[PDB]
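Reading through the structure tokens given below for one structure.
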Amino acid sequence: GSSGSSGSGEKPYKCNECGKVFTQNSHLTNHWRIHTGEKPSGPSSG
Ligand SMILES: [Zn+2]
Numbered sequence: 001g002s003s004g005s006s007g008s009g010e011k012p013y014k015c016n017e018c019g020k021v022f023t024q025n026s027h028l029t030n031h032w033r034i035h036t037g038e039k040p041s042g043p044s045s046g
């Protein structure tokens with residue numbers, strides 16, 4: 001079978017706005033920037 005459970009494997013830091021994953025904190029917090037404005041009105045990139 002296949003186990004699809006996150007937590008241990010994935011990193012403790014994960015963007016709760018799109019679904020990204022980073023190794024450090026400063027990286028995650030920073031990323032959010034792109035989410036907070038910056039021409040958020042357009043074609044979804046995903
Ligand atoms: Zn994000």
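In terms of PDB author numbering, the sequence shown has 1 at position 1, counting the first letter as 1, and numbering is strictly consecutive.
Yeah, the Cβ is synthetic: ideal placement off N, Cα and C, and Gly gets one too.
- Between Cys15 and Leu28, the C-beta gap is smaller than 7 Å, which places the two residues in contact.
- Of the residues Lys39, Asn30, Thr23, the one whose Cα lies closest to the Cα of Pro12 is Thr23.
- One Cα belongs to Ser26, the other to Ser2, and the distance between them is close to 33 Å.
- Under the criterion of beta carbons closer than 8 Å, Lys39 and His31 do not qualify as touching, at roughly 16 Å.
- Those residues whose C-beta sits under 5 Å from the nearest heavy atom of ligand 1 are, from N- to C-terminal order along the chain, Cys15, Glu17, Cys18, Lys20.
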